[PDB]
Amino acid sequence: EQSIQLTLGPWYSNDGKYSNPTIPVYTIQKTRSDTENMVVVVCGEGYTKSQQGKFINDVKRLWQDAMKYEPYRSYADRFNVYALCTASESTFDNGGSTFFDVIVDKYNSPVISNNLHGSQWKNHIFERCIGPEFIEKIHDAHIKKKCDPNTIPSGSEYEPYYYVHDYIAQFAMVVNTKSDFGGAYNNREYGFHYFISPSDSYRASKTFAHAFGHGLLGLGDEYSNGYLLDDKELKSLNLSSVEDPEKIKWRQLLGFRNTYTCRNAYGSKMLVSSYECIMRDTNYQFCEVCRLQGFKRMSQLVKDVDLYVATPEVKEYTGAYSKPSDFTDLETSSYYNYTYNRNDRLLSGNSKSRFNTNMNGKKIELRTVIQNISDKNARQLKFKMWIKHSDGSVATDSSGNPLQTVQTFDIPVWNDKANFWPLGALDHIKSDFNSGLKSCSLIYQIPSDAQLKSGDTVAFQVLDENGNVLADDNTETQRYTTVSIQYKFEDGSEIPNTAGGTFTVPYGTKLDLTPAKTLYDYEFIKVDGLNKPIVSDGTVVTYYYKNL
Ligand SMILES: [Zn+2]
Ligand SMILES: [Zn+2]
């Protein structure tokens, strides 16, 4: 009941096998209008018509798994996700005719092969054919197509299609295979903004999250080689060749969690902020620099986000890794020595129980990084830190004074926001990493006469100007809860061409999103499940739309 139709001439289907395809559209997630959310369009490669149920379930699995990683998780309910059921004549492994002519080259890179059947512009199909039709028929903006992609253009072959990657934040192509491969194609000046990953490889979800890190978050491969020249140094979001810690772009993050600049290989001139990142090796999480940069990138596409508050940490303050000269050795072994030293001093998250009665007279530091997303309003955050007894009470010194401290930090405006992948940008040239960025450190001396008890821990809060708690000592290990979204007609029927997925949120989160006025041509009636704390797995939020 919901589909788009394409007209593919010889440049896109030279053998005529997909000259006029009908493509069913499935909505996996639609929590707001497409103008308010980041739109993700996923197509299938090497799935025959009878395998489209497998494709939709594969897209839901890979998507739900990608949304478990920060920074994507912080925006999980701000994406609209659509699965386009592109049918191939053959499965990918059987090797016959497929919708996207994907081949795996000698370097294990998956590519759309224009020369497989002579379709000269096959790898331009997303922005010249699928994108404009989807943006006209399905996307809430309903932008009319203005170009015929099968006729010879009189001017630029690229400029008429630049709008496609502003309405569609990302194109993803999932290949029906167990083969292990991954490929990201980002070059907006030449219309490319898609990636190719497999449905069933041993690391399928990890590959998907990594490739999405290039496409959506604008991040580079952290296994990259070479010395970055000035233009490449300024352009890169998460790589650097600056050996001086006083000048490196991410100097404010040094010593925050596992952030210690190091070479990405022996003798390498390419430096990374952490050796343990998914952008270098798919077995890891996103590093703090990738989390910050990716959060900043997505804030440009969903503009109701005001602040980034990295999860604070508490460590015993010994003086180690407290000044730039402590970060001059860039060997990978120096990164690992740094992480062992941090483990030995950690007093937060899973190491909260490492606080003991021998902490009297010792200093402790509450540290985090904050990014202001506003280019207009400066912010003031208040940090509170105290020593709390196992029975909730606040520990005191030998005179009855509580072992508590407070500090206020100013967060400057993000003045350079227009240079950081704003909506409509074709590239990234230069940006000031420190614009709107503030590393916050509260160093408190535990009194020599502190009355410490067995089971005491460090408690803390980060508060906004109105006293709202943005983060606390329970944040790092807080439970996440699974939410399921369902789409129904007024009579209770599941809306055809919907395949409602799940995402996770911090326990107690109140979802406050304005539902889209329409789902396909159905008008919104009501929603059950919003503006109420999510405190159970399998919590269902049901969106009701009126049938035609
Ligand atoms: Zn990569
Ligand atoms: Zn990283």
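Heads up, the Cβs are rebuilt from the backbone with ideal geometry, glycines too, and the neighbour counts pull from every protein chain shown. No value in this document is a laboratory result; all are computed from the given coordinates.
Annotation: amide H of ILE446 within the under-5 Å range of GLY361, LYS362, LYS363, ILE364, sequence separation 5 or more or interchain, hydrogens built in the peptide plane.
Taking a ≥ b ≥ c as the square roots of the eigenvalues of the alpha-carbon gyration tensor, region 230-472 is classed oblate because a/c is 1.5 or more while a/b is no larger than b/c.
For the pair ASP326 and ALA378, the difference between a 0.36 nm per residue extended length and the Cα-Cα distance amounts to 15.6 nm. Taking θ as phi - 60° and the Karplus parameters 6.51, -1.76 and 1.60, the scalar couplings of region 106-113 work out to 4, 8, 6, 8, x, 10, 6, 9 Hz in sequence order, x denoting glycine and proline.
Using only alpha carbon positions, build the gyration tensor of the chain, then give the equivalent ellipsoid semi-axes as the square roots of 5 times its eigenvalues, largest first, whole angstrom. It would help to have the intermediate numbers written out before the result.
On the way: eigenvalues 408, 156, 83 Å².
They are 45, 28, 20 Å, listed largest first.
Remark: spin-label model distance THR318-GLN486 equals 5.4 nm, labels positioned 7 Å along the Cα→Cβ axis. An ellipsoid equivalent to region 139-258, defined through the eigenvalues of its Cα gyration tensor, has semi-axes of 33, 22, 14 Å when rounded to whole angstrom and sorted largest first.
Taking 0.36 nm per residue of separation and subtracting the Cα-Cα distance, what length does fully extending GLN404 through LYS178 add?
Length difference between fully extended and current span is 75.8 nm.
Taking neighbour Cβ counts within 10 Å as the exposure measure, how do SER334, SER398 sort from fewest upward?
Details: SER334 17, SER398 10.
The order, fewest Cβ neighbours first, is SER398, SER334.
Each residue, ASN94 and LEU530, gets one label point 7 Å from its Cα in the Cβ direction; the gap between the two is 4.4 nm.
What number, rounded to the nearest 500 deg cm²/dmol, is the helix-based mean residue ellipticity at 222 nm of the chain, given -39500 (n - 2.57) per DSSP H run of at least four residues and division by all its residues? Display every interim value, and only then the final one.
Numbers: 8 runs with 74 residues, N = 548.
It lands at -4000 deg cm²/dmol.
Remark: spin-label model distance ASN343-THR151 equals 6.6 nm, labels positioned 7 Å along the Cα→Cβ axis. Pairs exceeding 18 Å between alpha-carbon atoms, taken from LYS517/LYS546; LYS362/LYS453; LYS232/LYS376; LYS303/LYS382; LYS17/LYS49; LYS54/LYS137: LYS232/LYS376; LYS303/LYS382; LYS54/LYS137. Based on the alpha-carbon gyration tensor of region 31-161 and its eigenvalue square roots a ≥ b ≥ c, which shape applies: rounded if a/c is under 1.5, prolate if not and a/b is larger than b/c, or oblate? Oblate shape, in that a/c is at least 1.5 and b/c is the bigger or equal ratio. The simple Förster model, with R0 at 41 Å and r as the Cβ-Cβ distance, assigns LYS510 and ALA418 a FRET efficiency of 0.80. Remark: region 166-179, residue by residue, has Karplus-estimated 3J(HN,Hα) of 8, 8, 10, 5, 7, 9, 10, 10, 9, 8, 5, 7, 8, 4 Hz, where x stands for each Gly or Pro and the curve is 6.51 cos²θ - 1.76 cosθ + 1.60 at θ = phi - 60°.
Given region 3-215, what percent of its DSSP beta bridges are antiparallel, to the nearest 5?
Numbers: 15 of 32 bridges.
Percent antiparallel among DSSP bridges in region 3-215 is about 45.
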